[PDB]
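Each remark here refers to the structure printed beneath this line.
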Amino acid sequence: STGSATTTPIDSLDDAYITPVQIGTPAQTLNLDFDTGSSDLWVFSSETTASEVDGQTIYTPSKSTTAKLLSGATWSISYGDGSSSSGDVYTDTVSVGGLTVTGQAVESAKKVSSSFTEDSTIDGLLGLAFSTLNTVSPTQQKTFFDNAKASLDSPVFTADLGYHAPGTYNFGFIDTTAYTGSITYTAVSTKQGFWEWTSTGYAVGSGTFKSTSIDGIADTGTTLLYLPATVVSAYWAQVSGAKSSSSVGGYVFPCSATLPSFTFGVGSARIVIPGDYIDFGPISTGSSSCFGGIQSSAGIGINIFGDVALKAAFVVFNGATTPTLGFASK
């Protein structure tokens, strides 16, 4: 089997991407944030505290003839950005772009934190990291990809995120028309439950490539590119007027600037992030100070190749017995 679904930016800044997902019988379509940095599939639902719902589409398990309460199971998750959610668990039929899993754990939110309530465009998350990170207790549950894997033509999924435009998630096949050149594969450690790999270095604009190992995660659920302070300083040093602002919480730059590109290494290959991908617009409405798309990972504890990086590439998440990651230009 295979599946293919279009993924769409939630806003003009590509703050996140949503992908339609069919849940239950008859289908209830929710727009979920596919997140390779976590491993829970959770949804706004008929069980979510009413005051915490503000425009999201909800899953109502009582209206699904295939929904079954998973007895005694609960979940609770806290993300790197301080947001959180929790609730109970159903199993139900879940389909993505034509690919169907029966008995998928669908984690129904009873509580969500303010940032979720405040974002009417995201109806939940679909985790695509390794199932070892799944928070369901007392019996850990598998991700959608883990459940689908054996049935797929090839045990892979691909992320092809657009810049200010739609893109595609494919399951079970590699669309050879979706990228240029070849796909360079690189080793993955699953030891922390993430798609964790080591970049071979970086360049800023037309500058010389610096060979240096950067361990990080491929995370479609993080908006920006978080890298070591030395790397980030080298980037923003090339932008007149850019500075790290403690009050704003990162590097800001004059909105009038033209940003340089940023290149990262995948083996001997190179992925070039155009400067425009690094502009996240005014810090507040009407401001001429703009937020940077490359930020320090210091105090996160891990480097994160988030959407800013991933959207410059066609990315293969290879779930073979020994997982690997593949990157191609596009």
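Residues in the structure tokens are named by chain (A, B, ... in the order shown) and by number from 1 within that chain; ligands are numbered from 1 in the order shown.
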Q: Could you find all residues in segment 118-316 of chain A that DSSP calls helix (DSSP H, G or I) from the backbone, and write them as a PyMOL selection string?
A: chain A and resi 131-133+144-151+229-236+275-278+307-310
Q: Would you mind writing down, as a VMD selection string, each residue of segment 218-309 of chain A that DSSP on the backbone assigns to strand (DSSP E)?
A: chain A and resid 218 225 to 227 243 to 245 250 to 254 262 to 266 269 to 273 279 to 282 289 to 292 294 to 296 303 to 305
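Close contacts of residue 169 of chain A, defined as residues with an atom at most 9 Å away when counting only C-alpha atoms, with chain neighbours fewer than 4 positions off set aside, comprise residues 3, 4, 5, 6, 7, 19, 34, 97, 157, 158, 159, 160 and 161 of chain A.
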If we count only C-alpha atoms and set the cut-off at 10 Å, which residues sit around residue 327 of chain A, ignoring sequence neighbours fewer than 5 positions away in its own chain? Please answer as a PDB file with C-alpha atoms, in the first residue's frame.
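out15.pdb was written with the following content:
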ATOM      1  CA  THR A 158       8.744  11.355   2.835  1.00  0.00           C
ATOM      2  CA  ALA A 159       8.329  14.975   3.760  1.00  0.00           C
ATOM      3  CA  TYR A 179      13.514  16.140  -6.230  1.00  0.00           C
ATOM      4  CA  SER A 182      20.212  12.116  -5.941  1.00  0.00           C
ATOM      5  CA  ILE A 183      19.114  11.375  -2.413  1.00  0.00           C
ATOM      6  CA  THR A 184      22.010  11.248   0.048  1.00  0.00           C
ATOM      7  CA  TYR A 185      21.368   8.932   2.966  1.00  0.00           C
ATOM      8  CA  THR A 186      22.887   9.395   6.382  1.00  0.00           C
ATOM      9  CA  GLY A 265      25.910  19.277   4.888  1.00  0.00           C
ATOM     10  CA  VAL A 266      24.480  15.812   4.455  1.00  0.00           C
ATOM     11  CA  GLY A 267      27.510  13.630   3.906  1.00  0.00           C
ATOM     12  CA  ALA A 269      26.009  16.664  -0.274  1.00  0.00           C
ATOM     13  CA  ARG A 270      24.755  20.163   0.409  1.00  0.00           C
ATOM     14  CA  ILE A 271      21.284  21.554   1.082  1.00  0.00           C
ATOM     15  CA  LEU A 310      13.484  20.580   5.966  1.00  0.00           C
ATOM     16  CA  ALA A 312      14.627  23.269   1.484  1.00  0.00           C
ATOM     17  CA  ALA A 313      14.814  19.508   0.860  1.00  0.00           C
ATOM     18  CA  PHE A 314      13.008  16.366  -0.116  1.00  0.00           C
ATOM     19  CA  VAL A 315      13.398  14.265   3.026  1.00  0.00           C
ATOM     20  CA  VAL A 316      13.176  10.473   3.294  1.00  0.00           C
ATOM     21  CA  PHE A 317      12.411   8.978   6.670  1.00  0.00           C
TER      22      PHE A 317
END
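Shortest separation to residue 29 of chain A among A:52, A:81, A:123, A:215 occurs at residue A:123, atoms counted being only C-alpha atoms.
If you measure from each of A:231, A:226, A:188, A:196 to residue 210 of chain A using only C-alpha atoms, the closest one turns out to be A:231.
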Q | Distance criterion (only C-alpha atoms): nearest to residue 250 of chain A out of A:103, A:72, A:293, A:138 | A | A:293
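Comparing the minimum interatomic distances between residue 306 of chain A and each of A:51, A:212, A:100, A:222, counting only C-alpha atoms, we find that A:222 sits nearest.
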Q.
Would you pick out the contacts of residue 11 of chain A at 12 Å or less, using only C-alpha atoms, so that residues sharing its chain but fewer than 2 positions from it are not included, and give the list as number ranges by chain?
A. A: 8-9, 13-18, 119-122, 163-166, 223, 280-281
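One finds atom CA of residue 2 of chain A at 10.8 Å from atom CA of residue 95 of chain A.
By chain and then residue number, the residues within 6 Å of residue 311 of chain A are residues 161, 162, 307 and 308 of chain A, counting only C-alpha atoms and disregarding those fewer than 3 positions away in sequence.
Distances here use only C-alpha atoms; by that measure, the residue among A:263, A:128, A:178, A:33 closest to residue 211 of chain A is A:263.
In this model, the gap between atom CA of residue 139 of chain A and atom CA of residue 27 of chain A comes to 26.3 Å.
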